[PDB]
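Below is one structure, written out as structure tokens, with a few remarks after it.
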RNA sequence: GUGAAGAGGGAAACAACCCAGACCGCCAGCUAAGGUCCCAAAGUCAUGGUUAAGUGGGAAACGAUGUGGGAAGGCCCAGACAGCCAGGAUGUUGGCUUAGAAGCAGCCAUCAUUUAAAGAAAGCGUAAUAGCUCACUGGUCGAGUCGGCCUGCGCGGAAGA
RNA sequence: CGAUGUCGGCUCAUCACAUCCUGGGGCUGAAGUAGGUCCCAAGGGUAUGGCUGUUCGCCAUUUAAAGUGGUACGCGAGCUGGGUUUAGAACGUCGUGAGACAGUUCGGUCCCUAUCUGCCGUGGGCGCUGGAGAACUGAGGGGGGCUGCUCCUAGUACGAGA
RNA sequence: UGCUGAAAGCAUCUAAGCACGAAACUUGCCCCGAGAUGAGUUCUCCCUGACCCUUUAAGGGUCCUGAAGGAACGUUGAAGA
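Chains as they are written, first to last, in PDB author numbering: chain D, 1 to 209; chain 4, 1 to 38; chain K, 1 to 122; chain G, 2 to 175.
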């Protein structure tokens with residue numbers, strides 16, 4: 001099937017009655033209204049384009065506003081697209097609610113992780129630090145050697161070095177969905193999903209099932 | 001089987017076949033004499 | 001979190017007062033041992049009439065750890081001092097006839113059920 | 002050669018049909034179709050099929066001999082039918098059959114279910130015997146090959162699926 | 001002999017290898033080595049064979065019913081070779097060392113009969129036996145056959161950052 | 001030889017396959033469990049300490065396994081400086097002596113602000129044929145690919161029994 | 001490892017043909033990705049004026065209008081040198 005787009009609001013824990021405390025992440029999966037249906041005619045593939053939340057009336061530009069008010073929806077924050085595996089139809093303008101995960105058992109969550117910025121190789125690539133005493137000179141957390149000698153004569157591409165860590169799209173796979181609360185539009189998953197509290201999460205049914 | 005640079009007929013009922021560009025020997029009586037790649 | 005070169009107190013009465021862990025058994029490159037974990041020990045201090053003598057190499061199981069154990073609700077049980085029960089090398093049964101101090105409920109499996117039968121608290 | 006210089010005497014309701022190279026034959030047991038090689042000429046002169054090499058192609062005789070042999074097996078399969086027997090030598094080995102699945106119990110931990118092709122059907126007069134009866138020699142040969150490949154004959158006790166007339170030699174257990 | 005002290009064209013590139021020794025000019029022609037499908041000038045030229053390996057375009061001893069040619073041989077419609085039905089026998093279990101080596105652990109003999117013909121024996125296995133067979137022997141079958149030799153090209157041997 | 005810093009350790013590696021483990025098979029003097037030998041296979045993995053400057057080795061205790069090699073015996077404009085290889089000093093030995101020793105022993109300055117290639121990130125300009133805002137298909141590229149133990153089948157198959 | 005099968009009347013996994021077969025190969029999982037100059041696709045929005053000059057050309061110039069949208073500025077961010 002398809003996924004839903006929600007907002008991460010914190011982590012909590014559910015105390016079940018037997019004793020086991022399940023640490024859950026709360027995803028407020030709001031109503032996703034379909035904006036565009038891409039089909040084989042115009043696009044050569046089938047997919048739906050959804051939106052969630054609502055932007056201010058004047059922050060929405062004229063091309064976005066015309067795209068939204070072309071078919072029966074009000075403007076939300078950002079457009080997304082799900083690839084419709086062979087035999088599902090979602091009419092344009094349709095609000096898709098959260099009971100799609102009241103069906104399912106496991107979930108993968110896609111988000112942009114928290115950005116650590118320019119991180120060194122010890123944080124980024126788990127490099128082992130050099131010996132922090134015993135004579136070492138200005139070389140404790142430096143990367144070490146980065147290539148062999150005259151025969152390569154060059155650093156191989158894909159060398160692990162210091163650089164931007166975080167702030168990238170990552171997907172956590174096969175999380176147990178603990179509770180689907182339609183009355184407050186809450187989806188609770190077992191485990192840690194990517195991103196800071198407030199970033200948008202794409203929630204799909206688990207494909208490694 | 002026995003990989004060699006020389007395949008011979010050790011037994012009597014072993015025959016020399018050529019399959020997929022490889023000369024090899026198959027015996028019908030004793031399976032030790034199955035050998036290859038001569 | 002018992003590693004190699006950790007000095008452990010001894011919970012049973014095989015005779016060892018204080019032993020030292022020399023390898024955390026089970027798995028390659030393994031770092032630590034918890035309460036449900038077998039280690040290899042060697043004996044540094046013994047009692048003069050006891051069964052095991054100082055300088056032997058045998059096996060133990062940890063029963064108390066200052067790092068603790070974490071129960072599934074999130075509660076931790078942090079003992080004061082690391083403690084082990086000495087097992088035989090190939091029999092894997094305790095060499096003691098009694099056990100001092102409390103032990104943990106997450107030790108409860110068959111051989112260590114024979115351990116916790118002698119235990120004054122679980 | 003000496004194979005290809007021997008006609009296939011086709012009897013009693015033959016239904017030989019040549020289009021280009023392809024020959025389709027129906028009889029009482031069933032219908033079979035062979036896509037023939039370029040090197041063979043087939044001849045239904047005088048109500049009986051002969052086989053000839055083609056000009057230019059080098060190995061015309063080998064293709065003609067395999068064509069004569071395959072056509073002979075084809076006509077004798079659609080006439081009288083090919084019957085292959087297998088036996089399950091071994092303790093606990095059973096050979097239940099339902100429909101077109103063969104439920105071998107070769108005693109691993111899980112049962113064995115083998116699917117059958119279109120023309121071939123398997124009948125079991127004993128719990129330790131299979132007889133599979135079919136049109137094409139190739140199809141029944143491959144089915145017997147897979148059923149033997151589930152558990153080949155051990156050289157010590159002779160346990161396994163086995164061609165019913167194939168002699169297995171036993172060796173001493175050290 | 002060339003380089004040193006020598007350019008030019010070829011060998012992809014490559015002083016010393018092959019062709020050839022630059023006085024200057026030319027938007028002329030014929031050639032040498034080397035080449036003529038495209039890069040890249042000129043034969044997708046002509047005739048007759050080989051190769052199936054990407055050989056050509058790395059490598060030996062040795063192995064092989066790969067294949068093309070040449071010369072002779074063994075047997076063969078008084079019927080060969082390969083298949084398929086029968087036989088494989090007696091004095092006799094061959095003389096012993098050995099519990100039996102009932103033809104196949106070892107020394108002597110390896111000779112004589114029935115007959116269309118059968119070795120007193122060649123592989124295997126059994127306390128010895130048994131047995132499958134192999135030589136060989138008749139029917140069927142209907143024609144080629146199975147070996148060597150010299151040769152051209154192939155095949156495996158042929159695993160490195 | 002108008003200078004190509006060398007053994008070992010650390011940090012970071014990368015390739016070959018002549019494979020240590022895992023994976024798939026043939027033969028066994030392969031009953032089973034376990035082995036042996038050989039073929040295919042490079043995806044991933046491939047100890048921690050004691051001693052020694054050591055690599056290597058011996059040992060201890062593991063592990064599924066603790067592979068063999070190439071990369072200036074990879075790696076000092078990345079670190080160390082124990083060995084070795086300056087000047088001090090001493091021992092044994094050789095020499096009358098100055099001194100010498102692939103003989104030990106103690107101590108003994110490891111410089112460099114990265115222009116170009118390379119690599120890790122990150123932008124500015126222009127292009128994409130009027131301009132702009134978004135959402136995508138996806139050529140291609142990269143990451144990941146390890147494995148033990150216990151239970152069930154079943155204490156069955158096999159085996160005299162273990 | 002086989003199935004049928006001649007060349008080689010038999011036999012034969014191979015020559016014609018067919019089915020199996022590994023953590024290796026291509027995908028399936030995750031990420032970047034149209035500067036993929038072969039620069040792709042879809043949806044939406046935006047501009048609907050007059051005249052001069054000369055070698056009348058994908059020309060140069062004058063006046064008026066500046067659209068969507070962007071950038072700058074400020075308050076700033078679990079975004080960041």
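All residues carry an ideal CB built from backbone N, CA and C; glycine is no exception.
Quick check on the burial criterion: 16 or more other C-beta atoms within 10 angstroms. Buried or exposed for residue 91 (chain D)?
exposed
Same chain, Cβ closer than 6 Å to residue 2 (chain D), neighbours up to 5 away in sequence not counted:
82
For the 8 Å Cβ check, are there 3 or more pairs between the segment 24-36 of chain D and the segment 69-79 of chain D?
yes
For residue 105 (chain G), count the other beta carbons within 10 Å of its own beta carbon; 16 or more makes it buried, fewer makes it exposed. Which is it?
buried
Measure the C-alpha to C-alpha separation of residue 111 (chain K) and residue 34 (chain K) and round it to an integer number of angstroms.
17 Å
Applying the criterion that 16 or more other CB atoms from any shown protein chain within 10 Å of the CB defines a buried residue, is residue 12 (chain D) buried or exposed?
exposed
Which residues in the same chain as residue 70 (chain K) place their Cβ atom closer than 7 Å to its Cβ, once the five residues preceding and following it in sequence are excluded?
76
In chain order, what residues of the same chain have a beta carbon less than 8 Å from the beta carbon of residue 42 (chain 4), not counting five sequence neighbours either side?
Shown here, chain 4 extends from 1 to 38; a query on residue 42 (chain 4) therefore has no answer.
Check whether chain D comes within 7 Å of residue 74 (chain K), counting only Cβ atoms and requiring the distance to be less than that.
yes
So, helix, strand or coil for residue 141 (chain G), using DSSP?
helix
Can you find a C-beta in chain K that's less than 7 Å from the C-beta of residue 145 (chain D)?
no
Hey, is residue 24 (chain D)'s beta-carbon within less than 7 Å of any beta-carbon in chain K?
no
Contacting residues, own chain, Cβ-Cβ under 7 Å from residue 31 (chain G) (five flanking each side not counted):
79, 120 and 136
Of the residues 182 (chain D), 172 (chain D) and 78 (chain D), which one's Cα is nearest the Cα of residue 54 (chain D)?
78 (chain D)
If residue 26 (chain D) sits next to residue 109 (chain D), beta carbons under 8 Å apart, how far is it from one beta carbon to the other, in whole angstroms?
Wrong, their Cβ atoms sit about 12 Å apart, outside the cutoff.
What is the rounded straight-line gap between the Cα of residue 148 (chain G) and the Cα of residue 171 (chain G)?
22 Å
For residue 5 (chain G), count neighbouring C-beta atoms within 10 Å of its own C-beta (all shown protein chains included) and say buried if the count is 16 or more, exposed if not.
buried
Please return the same chain residues whose Cβ sits closer than 8 Å to the Cβ of residue 64 (chain D), not counting the five positions on each side in sequence.
75
Going by C-alpha to C-alpha distance, which of 38 (chain 4), 2 (chain 4), 5 (chain 4) and 10 (chain 4) sits closest to residue 29 (chain 4)?
10 (chain 4)
For residue 127 (chain D), which three-state DSSP category applies?
coil
According to DSSP, is residue 113 (chain K) part of a helix, a strand, or is it coil?
helix
Spatial distance of residue 168 (chain D) from residue 26 (chain K) (CA atoms):
37 Å
Ends of the beta strand (DSSP E) at residue 83 (chain G)?
83-90
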